[PDB]
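Colleague: Numbering (the entry's author numbering), first residue to last: 5 to 266.
Idealized CB from N, CA, C, for every residue including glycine.
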Ligand SMILES: Nc1ncnc2c1ncn2[C@@H]1O[C@H](CN(CC[C@H](N)C(=O)O)Cc2ccc(F)cc2)[C@@H](O)[C@H]1O
Ligand SMILES: [Cl-]
Ligand SMILES: [Cl-]
Ligand SMILES: [Cl-]
Ligand code: NA
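1) If I measure Cβ to Cβ from residue 257 and keep anything under 8 Å in the same chain, skipping five residues before and after, which residues do I get?
2) Just the Cα atoms here: how many angstroms apart are residue 225 and residue 231?
3) Between residue 69 and ligand 4, is there a pair consisting of the residue's CB and a ligand heavy atom that are separated by less than 7 Å?
4) How long is the line joining the alpha carbons of residue 176 and residue 142, rounded to whole angstroms?
5) Mind reading off the beta-carbon distance from residue 195 to residue 186? Whole number of angstroms is fine, and I expect it under 8 Å.
6) Give the residues whose C-beta lies closer than 7 Å to at least one heavy atom of ligand 4, in chain order.
7) Which partner residues does residue 219 have in the DSSP bridge list?
8) Quick check: the Cα distance between residue 39 and residue 206, rounded to an integer number of angstroms?
9) Can you pull every residue whose C-beta falls closer than 6 Å to some heavy atom of ligand 3, listed in chain order?
10) If we count the other Cβ atoms within 10 Å of its Cβ and call it buried at 16 or more, is residue 146 buried or exposed?
11) Would the C-beta of residue 81 count as close to ligand 2, meaning under 7 Å from any of its heavy atoms?
12) Does the stretch 72-83 touch the stretch 93-109, meaning 3 or more C-beta pairs lie closer than 8 Å?
13) Sorted by chain position, which residues of the same chain lie with C-beta nearer than 6 Å to residue 77's C-beta, five sequence neighbours on each side aside?
14) DSSP puts residue 198 in a beta bridge; with which residues?
15) Mind checking whether the beta-carbon of residue 108 lies closer than 7 Å to any heavy atom of ligand 5?
16) If we count the other Cβ atoms within 10 Å of its Cβ and call it buried at 16 or more, is residue 266 buried or exposed?
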């Protein structure tokens, strides 16, 4: 039986360019990035700006208690560093190590001086699938590239989750892991097994675009896998009908400036 998410994906692939353009942000939550983009383009490192939209996504989770970062944070797939720099502002966090592949077509770490920047070490040139897991207190991972093929998205998600398992075996107390494809029958079974083994639960972040079914597996959630995924599928399906709905806005995160004592 085709799941609601698989029905959503088939409809998404049937949309014309114009339908997709109007659908992808219909009714979502967004931060306005115009000020940060201008400041970062002008080389301003001290204005508090987030380096990417990722800081707002992690903020949404942390402010609601979906995880409580602390201690040594490892950020797999850090990109420019939006999760790493947000984590560095958190009182209980004491060290942030981000790893990202970089190279052609992939974002490099951005060096800025938001609050806590001196406890952040971002390393490019690192493929985390070839990296030995190391102990940490908080494990973050934001890897997963969209594909028009749900079979490709499932294969990519299984690859991420297999890799993350090696890190979870070190028993971090807090975690946030992107799940690109939660919506196939096989994926829901896999995620249920992983929740039984490592805990946590799935949450949909409302800053995600309607064009992806990504959910985050986070240590502070506790929810039925099938219900949480199906509720998201129905939400995304419902937004395909009717008029385009307005975007809702937070102000972009401001991460301040200055160093931290450690
Ligand atoms: N195997 C990999 N090893 C290391 N880094 C990788 C690997 N595969 C992908 N990446 C990089 O992961 C980043 C994913 N970003 C992270 C955003 C970050 N949390 C922030 O807040 O700035 C999200 C993402 C972007 C594009 C996309 F298509 C899928 C995910 C990227 O920089 C990858 O190069
Ligand atoms: Cl990715
Ligand atoms: Cl991927
Ligand atoms: Cl929950
Ligand atoms: Na690059």
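Modeller: Straight from the coordinates:
1) In the chain shown, counting from the first residue as 1, residue 257 sits at position 253. Setting aside the 5 residues that flank it on each side, residue 257 is surrounded in the same chain by 35, 54, 59, 60, 63, 90, each with a C-beta closer than 8 Å to its C-beta; the list follows chain order.
2) Residue 225 sits at position 221 when you count from the first residue of the chain shown. Residue 231 sits at position 227 when you count from the first residue of the chain shown. Per the coordinates, the alpha-carbon of residue 225 lies some 13 Å from the alpha-carbon of residue 231.
3) Along the chain shown, one-based indexing puts residue 69 at 65. No.
4) Here the question's residue 176 lines up with position 172 in the chain shown. Here the question's residue 142 lines up with position 138 in the chain shown. Approximately 5 Å, taken between the alpha carbons.
5) Counted from its first residue, the chain shown places residue 195 at position 191. Counted from its first residue, the chain shown places residue 186 at position 182. Yes, they are in contact, since the Cβ atoms of residue 195 and residue 186 sit about 6 Å apart, within 8 Å.
6) Answer in sequence order: 205, 207, 225, 226, 227.
7) The sequence position of residue 219 within the chain shown is 215, counting from 1. Note: residue 219 sits in a beta bridge opposite 183.
8) By one-based count along the chain shown, residue 39 stands at place 35. By one-based count along the chain shown, residue 206 stands at place 202. Roughly 32 Å separates the two Cα atoms.
9) Counting only beta-carbon distances shorter than 6 Å to the non-hydrogen atoms of ligand 3, the qualifying residues in chain order are 147, 148, 149, 160.
10) As a first step, residue 146 must be located in the chain shown, where it is residue number 142. Residue 146 is buried by the Cβ-count criterion.
11) Taking the first residue of the chain shown as position 1, residue 81 is located at position 77. A distance criterion of 7 Å places the beta-carbon of residue 81 in contact range of ligand 2, judged by its closest non-hydrogen atom.
12) The stretch 93-109, when compared against the stretch 72-83, does touch it at the 8 Å Cβ threshold.
13) Residue 77 sits at position 73 when you count from the first residue of the chain shown. Taking residue 77 as the centre and dropping the five residues before and after it, the same chain places the C-beta of 91, 97, 100, 142 closer than 6 Å to its C-beta, in chain order.
14) Taking the first residue of the chain shown as position 1, residue 198 is located at position 194. For residue 198, no pairing in a beta bridge is given by DSSP.
15) For this step, residue 108 is matched to residue 104 along the chain shown. Result yes, Cβ under 7 Å from ligand 5.
16) Taking the chain shown and counting its residues from 1, one reaches residue 266 at position 262. Its Cβ having fewer than 16 others within 10 Å, residue 266 is exposed.
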